[PDB]
file run.pdb (PDB, C-alpha atoms (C1' of nucleotides))
ATOM      1  CA  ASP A1221     -99.220 140.508 125.136  1.00  0.00           C
ATOM      2  CA  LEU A1222     -97.152 140.217 121.959  1.00  0.00           C
ATOM      3  CA  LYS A1223     -94.346 137.968 123.151  1.00  0.00           C
ATOM      4  CA  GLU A1224     -90.914 138.603 121.661  1.00  0.00           C
ATOM      5  CA  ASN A1225     -88.064 136.058 121.285  1.00  0.00           C
ATOM      6  CA  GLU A1226     -90.603 133.432 120.182  1.00  0.00           C
ATOM      7  CA  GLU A1227     -91.170 133.284 116.432  1.00  0.00           C
ATOM      8  CA  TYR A1228     -91.588 130.447 113.958  1.00  0.00           C
ATOM      9  CA  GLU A1229     -91.012 130.079 110.227  1.00  0.00           C
ATOM     10  CA  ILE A1230     -93.614 129.133 107.625  1.00  0.00           C
ATOM     11  CA  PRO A1231     -92.719 126.239 105.290  1.00  0.00           C
ATOM     12  CA  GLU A1232     -94.229 125.694 101.842  1.00  0.00           C
ATOM     13  CA  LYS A1233     -96.830 123.183 103.010  1.00  0.00           C
ATOM     14  CA  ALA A1234     -98.553 125.669 105.309  1.00  0.00           C
ATOM     15  CA  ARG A1235     -98.651 128.271 102.547  1.00  0.00           C
ATOM     16  CA  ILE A1236    -100.241 125.952 100.000  1.00  0.00           C
ATOM     17  CA  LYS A1237    -102.733 124.717 102.599  1.00  0.00           C
ATOM     18  CA  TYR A1238    -103.723 128.304 103.386  1.00  0.00           C
ATOM     19  CA  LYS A1239    -104.122 128.985  99.672  1.00  0.00           C
ATOM     20  CA  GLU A1240    -106.412 125.970  99.370  1.00  0.00           C
ATOM     21  CA  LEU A1241    -108.478 127.083 102.366  1.00  0.00           C
ATOM     22  CA  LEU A1242    -108.922 130.538 100.853  1.00  0.00           C
ATOM     23  CA  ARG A1243    -109.971 129.024  97.533  1.00  0.00           C
ATOM     24  CA  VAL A1244    -112.582 126.926  99.335  1.00  0.00           C
ATOM     25  CA  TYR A1245    -113.883 129.941 101.253  1.00  0.00           C
ATOM     26  CA  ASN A1246    -114.200 132.125  98.160  1.00  0.00           C
ATOM     27  CA  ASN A1247    -116.088 130.151  95.493  1.00  0.00           C
ATOM     28  CA  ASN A1248    -118.792 128.508  97.599  1.00  0.00           C
ATOM     29  CA  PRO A1249    -122.199 127.671  96.063  1.00  0.00           C
ATOM     30  CA  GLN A1250    -124.123 127.475  99.342  1.00  0.00           C
ATOM     31  CA  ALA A1251    -123.104 130.872 100.695  1.00  0.00           C
ATOM     32  CA  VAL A1252    -125.273 133.618 102.175  1.00  0.00           C
ATOM     33  CA  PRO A1253    -127.023 135.717  99.489  1.00  0.00           C
ATOM     34  CA  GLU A1254    -125.986 138.992 101.133  1.00  0.00           C
ATOM     35  CA  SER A1255    -122.522 140.542 100.983  1.00  0.00           C
ATOM     36  CA  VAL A1256    -122.587 141.834 104.559  1.00  0.00           C
ATOM     37  CA  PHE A1257    -123.073 138.681 106.670  1.00  0.00           C
ATOM     38  CA  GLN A1258    -120.080 136.872 105.170  1.00  0.00           C
ATOM     39  CA  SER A1259    -116.675 136.787 106.827  1.00  0.00           C
ATOM     40  CA  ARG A1260    -113.670 138.992 106.096  1.00  0.00           C
ATOM     41  CA  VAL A1261    -112.059 136.406 103.821  1.00  0.00           C
ATOM     42  CA  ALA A1262    -115.124 135.917 101.636  1.00  0.00           C
ATOM     43  CA  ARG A1263    -116.300 139.538 101.670  1.00  0.00           C
ATOM     44  CA  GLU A1264    -113.072 141.388 100.835  1.00  0.00           C
ATOM     45  CA  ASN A1265    -111.858 138.525  98.594  1.00  0.00           C
ATOM     46  CA  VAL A1266    -108.512 137.838 100.238  1.00  0.00           C
ATOM     47  CA  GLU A1267    -106.177 135.786  98.050  1.00  0.00           C
ATOM     48  CA  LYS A1268    -102.950 135.446 100.051  1.00  0.00           C
ATOM     49  CA  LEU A1269    -101.616 136.199 103.506  1.00  0.00           C
ATOM     50  CA  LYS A1270    -100.200 139.722 103.590  1.00  0.00           C
ATOM     51  CA  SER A1271     -97.332 141.307 105.534  1.00  0.00           C
ATOM     52  CA  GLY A1272     -99.096 141.932 108.834  1.00  0.00           C
ATOM     53  CA  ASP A1273    -102.419 140.435 109.917  1.00  0.00           C
ATOM     54  CA  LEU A1274    -103.687 138.345 112.816  1.00  0.00           C
ATOM     55  CA  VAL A1275    -103.932 134.619 112.032  1.00  0.00           C
ATOM     56  CA  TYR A1276    -104.663 131.715 114.359  1.00  0.00           C
ATOM     57  CA  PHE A1277    -102.043 128.996 114.082  1.00  0.00           C
ATOM     58  CA  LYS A1278    -100.704 125.723 115.443  1.00  0.00           C
ATOM     59  CA  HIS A1279     -97.044 124.703 115.520  1.00  0.00           C
ATOM     60  CA  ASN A1280     -94.698 122.124 117.019  1.00  0.00           C
ATOM     61  CA  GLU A1281     -90.920 122.283 117.565  1.00  0.00           C
ATOM     62  CA  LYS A1282     -90.322 125.731 116.063  1.00  0.00           C
ATOM     63  CA  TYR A1283     -92.227 124.774 112.886  1.00  0.00           C
ATOM     64  CA  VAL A1284     -95.865 125.696 112.234  1.00  0.00           C
ATOM     65  CA  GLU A1285     -98.212 123.173 110.659  1.00  0.00           C
ATOM     66  CA  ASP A1286    -101.492 125.009 110.126  1.00  0.00           C
ATOM     67  CA  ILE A1287    -102.974 128.505 110.083  1.00  0.00           C
ATOM     68  CA  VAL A1288    -106.667 129.477 110.098  1.00  0.00           C
ATOM     69  CA  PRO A1289    -108.248 132.951 109.786  1.00  0.00           C
ATOM     70  CA  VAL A1290    -111.094 132.569 112.308  1.00  0.00           C
ATOM     71  CA  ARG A1291    -111.756 130.661 115.513  1.00  0.00           C
ATOM     72  CA  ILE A1292    -113.773 127.709 114.201  1.00  0.00           C
ATOM     73  CA  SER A1293    -112.832 127.193 110.549  1.00  0.00           C
ATOM     74  CA  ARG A1294    -112.091 124.208 108.331  1.00  0.00           C
ATOM     75  CA  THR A1295    -109.011 121.992 108.245  1.00  0.00           C
ATOM     76  CA  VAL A1296    -107.248 120.733 105.117  1.00  0.00           C
ATOM     77  CA  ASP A1297    -105.249 117.524 105.113  1.00  0.00           C
TER      78      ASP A1297
ATOM     79  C1'   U B   1     -68.483 146.715  31.522  1.00  0.00           C
ATOM     80  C1'   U B   2     -66.761 142.345  26.440  1.00  0.00           C
ATOM     81  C1'   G B   3     -62.976 141.770  22.015  1.00  0.00           C
ATOM     82  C1'   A B   4     -63.762 139.389  17.308  1.00  0.00           C
ATOM     83  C1'   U B   5     -62.208 133.985  12.512  1.00  0.00           C
ATOM     84  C1'   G B   6     -65.303 129.186  16.404  1.00  0.00           C
ATOM     85  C1'   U B   7     -70.849 130.016  22.604  1.00  0.00           C
ATOM     86  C1'   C B   8     -76.233 123.475  20.493  1.00  0.00           C
ATOM     87  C1'   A B   9     -76.951 126.159  27.770  1.00  0.00           C
ATOM     88  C1'   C B  10     -84.542 126.455  24.623  1.00  0.00           C
ATOM     89  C1'   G B  11     -77.855 120.670  26.659  1.00  0.00           C
ATOM     90  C1'   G B  12     -80.381 119.542  32.572  1.00  0.00           C
ATOM     91  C1'   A B  13     -88.576 118.430  35.726  1.00  0.00           C
ATOM     92  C1'   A B  14     -85.774 120.438  42.770  1.00  0.00           C
ATOM     93  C1'   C B  15     -87.319 115.315  41.811  1.00  0.00           C
ATOM     94  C1'   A B  16     -87.771 110.795  45.171  1.00  0.00           C
ATOM     95  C1'   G B  17     -90.174 107.733  50.743  1.00  0.00           C
ATOM     96  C1'   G B  18     -93.784 109.123  55.681  1.00  0.00           C
ATOM     97  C1'   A B  19    -102.314 107.427  57.993  1.00  0.00           C
ATOM     98  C1'   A B  20    -102.974 114.287  62.611  1.00  0.00           C
ATOM     99  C1'   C B  21    -103.144 109.101  65.126  1.00  0.00           C
ATOM    100  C1'   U B  22    -104.075 107.435  70.611  1.00  0.00           C
ATOM    101  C1'   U B  23    -106.954 107.767  75.634  1.00  0.00           C
ATOM    102  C1'   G B  24    -112.457 109.992  78.153  1.00  0.00           C
ATOM    103  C1'   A B  25    -120.897 107.037  79.916  1.00  0.00           C
ATOM    104  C1'   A B  26    -123.085 114.942  79.524  1.00  0.00           C
ATOM    105  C1'   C B  27    -122.829 112.638  84.908  1.00  0.00           C
ATOM    106  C1'   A B  28    -124.361 113.641  89.916  1.00  0.00           C
ATOM    107  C1'   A B  29    -126.823 114.369  98.008  1.00  0.00           C
ATOM    108  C1'   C B  30    -125.029 116.016 102.549  1.00  0.00           C
ATOM    109  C1'   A B  31    -124.824 120.180 104.832  1.00  0.00           C
ATOM    110  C1'   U B  32    -122.788 125.673 104.828  1.00  0.00           C
ATOM    111  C1'   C B  33    -121.296 129.675 108.987  1.00  0.00           C
ATOM    112  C1'   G B  34    -118.869 130.930 113.575  1.00  0.00           C
ATOM    113  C1'   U B  35    -118.726 131.288 118.723  1.00  0.00           C
ATOM    114  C1'   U B  36    -121.823 131.690 123.513  1.00  0.00           C
ATOM    115  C1'   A B  37    -121.612 130.699 128.914  1.00  0.00           C
ATOM    116  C1'   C B  38    -119.385 130.563 133.749  1.00  0.00           C
TER     117        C B  38
END

call {"tool": "encode", "arguments": {"input": "run.pdb", "output": "structure tokens"}}
result
Amino acid sequence: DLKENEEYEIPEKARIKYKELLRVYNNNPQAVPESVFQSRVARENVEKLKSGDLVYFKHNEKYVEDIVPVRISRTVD
RNA sequence: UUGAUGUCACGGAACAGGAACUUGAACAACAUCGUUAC
């Protein structure tokens, strides 16, 4: 159920936090040796959030504060 | 592009003053990855 008439805008802080999270996901030293068990961010080497793709998020009062690509991922301060 | 009866231009050092300097132990422990079940 894609609800209409309920959309929020992305400030600069959320974008730089997502960029930092992607940089942490990509160049990890402790990763899995195979290139098939990793997630979609680490396998296909995503660098920025594109036009349309499904992202988990959390907002308050029409402004979003954080966005994560999977269910249980890491949080940046 | 000169004009004649008169040119010391070999008659004149591009010369004189300014610190590539200041700051930095080749050192080191806690995880990484996401969902399962009613």

call {"tool": "resolve_selection", "arguments": {"input": "run.pdb", "expression": "the PyMOL selection byres ((chain A and resi 1274) around 12)", "output": "number ranges by chain"}}
result
A: 1222, 1269-1273, 1275-1277, 1287-1291

call {"tool": "closest_atom_pairs", "arguments": {"input": "run.pdb", "of": "chain A", "to": "chain B", "cutoff": "10 Å", "atoms": "all atoms listed in the file", "output": "CSV"}}
result
residue,atom,partner,partner_atom,distance
A:1248,CA,B:32,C1',8.7
A:1249,CA,B:32,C1',9.0
A:1250,CA,B:32,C1',5.9
A:1251,CA,B:32,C1',6.6
A:1252,CA,B:32,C1',8.7
A:1257,CA,B:33,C1',9.5
A:1258,CA,B:33,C1',8.2
A:1259,CA,B:33,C1',8.8
A:1290,CA,B:34,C1',8.0
A:1291,CA,B:34,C1',7.4
A:1292,CA,B:34,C1',6.1
A:1293,CA,B:34,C1',7.7

call {"tool": "atom_distance", "arguments": {"input": "run.pdb", "atom1": "CA of residue 1268 (chain A)", "atom2": "CA of residue 1227 (chain A)"}}
result
20.3 Å

call {"tool": "resolve_selection", "arguments": {"input": "run.pdb", "expression": "the PyMOL selection byres ((chain A and resi 1247) around 12)", "output": "list in words"}}
result
residues 1240, 1241, 1242, 1243, 1244, 1245, 1246, 1248, 1249, 1250, 1251, 1252, 1261, 1262, 1263, 1265, 1266 and 1267 of chain A

call {"tool": "atom_distance", "arguments": {"input": "run.pdb", "atom1": "CA of residue 1285 (chain A)", "atom2": "CA of residue 1221 (chain A)"}}
result
22.6 Å

call {"tool": "resolve_selection", "arguments": {"input": "run.pdb", "expression": "the PyMOL selection byres ((chain A and resi 1296) around 9)", "output": "PyMOL selection string"}}
result
chain A and resi 1237-1238+1240-1241+1286+1294-1295+1297

call {"tool": "atom_distance", "arguments": {"input": "run.pdb", "atom1": "CA of residue 1282 (chain A)", "atom2": "CA of residue 1229 (chain A)"}}
result
7.3 Å

call {"tool": "closest_residue", "arguments": {"input": "run.pdb", "among": "A:1255, A:1284, A:1278, A:1260", "to": "residue 1230 (chain A)", "atoms": "only C-alpha atoms"}}
result
A:1284

call {"tool": "build_atoms", "arguments": {"input": "run.pdb", "residues": "region 1238-1263 of chain A", "atoms": "N, CA and C atoms", "output": "CSV table (one decimal), in the frame of the given file"}}
result
chain,number,residue,atom,x,y,z
A,1238,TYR,N,-103.0,127.1,103.2
A,1238,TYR,CA,-103.7,128.3,103.4
A,1238,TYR,C,-104.3,128.8,102.1
A,1239,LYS,N,-103.6,128.6,101.0
A,1239,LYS,CA,-104.1,129.0,99.7
A,1239,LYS,C,-105.3,128.1,99.3
A,1240,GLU,N,-105.3,126.8,99.6
A,1240,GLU,CA,-106.4,126.0,99.4
A,1240,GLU,C,-107.6,126.4,100.2
A,1241,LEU,N,-107.4,126.7,101.5
A,1241,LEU,CA,-108.5,127.1,102.4
A,1241,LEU,C,-109.1,128.4,101.9
A,1242,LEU,N,-108.3,129.3,101.4
A,1242,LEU,CA,-108.9,130.5,100.9
A,1242,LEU,C,-109.7,130.3,99.6
A,1243,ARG,N,-109.2,129.4,98.7
A,1243,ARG,CA,-110.0,129.0,97.5
A,1243,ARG,C,-111.3,128.4,97.9
A,1244,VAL,N,-111.3,127.6,98.9
A,1244,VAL,CA,-112.6,126.9,99.3
A,1244,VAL,C,-113.5,128.0,99.9
A,1245,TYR,N,-113.0,128.9,100.7
A,1245,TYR,CA,-113.9,129.9,101.3
A,1245,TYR,C,-114.5,130.8,100.2
A,1246,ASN,N,-113.7,131.1,99.1
A,1246,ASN,CA,-114.2,132.1,98.2
A,1246,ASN,C,-115.3,131.6,97.3
A,1247,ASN,N,-115.1,130.6,96.5
A,1247,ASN,CA,-116.1,130.2,95.5
A,1247,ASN,C,-116.9,129.0,96.1
A,1248,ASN,N,-117.8,129.4,96.9
A,1248,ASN,CA,-118.8,128.5,97.6
A,1248,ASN,C,-120.2,128.6,97.0
A,1249,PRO,N,-120.9,127.6,96.7
A,1249,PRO,CA,-122.2,127.7,96.1
A,1249,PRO,C,-123.3,127.9,97.1
A,1250,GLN,N,-123.1,127.5,98.3
A,1250,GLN,CA,-124.1,127.5,99.3
A,1250,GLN,C,-124.0,128.7,100.3
A,1251,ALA,N,-123.4,129.8,99.8
A,1251,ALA,CA,-123.1,130.9,100.7
A,1251,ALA,C,-124.4,131.7,101.0
A,1252,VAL,N,-124.2,132.7,101.8
A,1252,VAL,CA,-125.3,133.6,102.2
A,1252,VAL,C,-125.5,134.5,101.0
A,1253,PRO,N,-126.8,134.9,100.7
A,1253,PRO,CA,-127.0,135.7,99.5
A,1253,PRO,C,-126.5,137.1,99.7
A,1254,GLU,N,-126.4,137.6,100.9
A,1254,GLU,CA,-126.0,139.0,101.1
A,1254,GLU,C,-124.5,139.1,101.2
A,1255,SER,N,-124.0,140.3,101.0
A,1255,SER,CA,-122.5,140.5,101.0
A,1255,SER,C,-122.1,141.3,102.2
A,1256,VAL,N,-122.9,141.2,103.3
A,1256,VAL,CA,-122.6,141.8,104.6
A,1256,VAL,C,-122.5,140.9,105.7
A,1257,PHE,N,-123.1,139.7,105.6
A,1257,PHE,CA,-123.1,138.7,106.7
A,1257,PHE,C,-121.9,137.7,106.5
A,1258,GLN,N,-121.2,137.8,105.4
A,1258,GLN,CA,-120.1,136.9,105.2
A,1258,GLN,C,-118.9,137.3,106.0
A,1259,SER,N,-117.9,136.5,106.0
A,1259,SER,CA,-116.7,136.8,106.8
A,1259,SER,C,-115.7,137.7,106.0
A,1260,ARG,N,-114.6,138.1,106.7
A,1260,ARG,CA,-113.7,139.0,106.1
A,1260,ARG,C,-112.9,138.4,105.0
A,1261,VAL,N,-112.8,137.0,104.9
A,1261,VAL,CA,-112.1,136.4,103.8
A,1261,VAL,C,-112.9,136.3,102.6
A,1262,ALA,N,-114.2,136.0,102.8
A,1262,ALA,CA,-115.1,135.9,101.6
A,1262,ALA,C,-115.6,137.3,101.2
A,1263,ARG,N,-115.7,138.2,102.1
A,1263,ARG,CA,-116.3,139.5,101.7
A,1263,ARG,C,-115.3,140.4,100.9
